[PDB]
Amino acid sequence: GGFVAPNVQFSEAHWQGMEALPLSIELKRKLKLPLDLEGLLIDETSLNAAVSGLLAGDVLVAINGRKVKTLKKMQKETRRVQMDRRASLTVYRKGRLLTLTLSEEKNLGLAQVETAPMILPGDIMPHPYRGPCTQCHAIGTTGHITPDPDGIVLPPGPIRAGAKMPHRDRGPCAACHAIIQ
């Protein structure tokens, strides 16, 4: 269960703590950004990228002065300076073109890319239409991990009589727990 189209494109890149995604018209209108703007959207920053001053909602225009309008082009670029400890960040925020340094005490490394997750034939589109489905998704059931862990509930599990309450008052110990005597 894994049919992939001959052109599955990249949905995102992760690099020194920033998640980067193509800046679509969907997203440009959704975040009320100018529609001439070319670059990558940064929607999630942690660790080294957040440290460098980089916030979410920011658009990644360039690195080291070279323009990055696509993921493919942004990767190419991280490969170039992957062994460096610093690269420059040209960013678009609130109409200002800011600059930032990104840092790492070993080396920056290559930004790794992702496609949209593999989906089921009968699956429901949770987002506005964007084009034929095989264009971003692989169709099938592998690349799974289904049922998704997060939707599995754990039986709270046996407790000796007079156990100590780790959690808030939730009700009679006997409703959720199997008691031991």
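Quick note: we count residues from 1 along the sequence shown, nothing fancier.
A.B. asks: Out of 157 to 165 and 18 to 26, which stretch has the higher average CA B-factor listed in the record?
C.D. replies: Higher of the two, by average CA B-factor, is 157 to 165.
A.B. asks: Identify the stretch, either 146 to 154 or 49 to 57, whose C-alpha atoms have the larger mean B-factor according to the entry.
C.D. replies: Between 49 to 57 and 146 to 154, it is 146 to 154 that shows the higher mean C-alpha B-factor.
A.B. asks: Specify which of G131, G140, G39, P128 carries the largest Cα B factor in the deposited PDB entry.
C.D. replies: The record points to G140.
A.B. asks: How does the C-alpha B factor of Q75 compare with the rest of the chain: lowest, middle or highest third?
C.D. replies: Answer is middle: the recorded C-alpha B-factor places it there.
A.B. asks: Name the third of the chain's ranked CA B-factors that contains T101, choosing lowest, middle or highest.
C.D. replies: It falls in the middle third of the chain.
A.B. asks: What third of the chain, by the recorded C-alpha B-factor, contains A116?
C.D. replies: Its C-alpha B-factor belongs to the lowest third of this chain's values.
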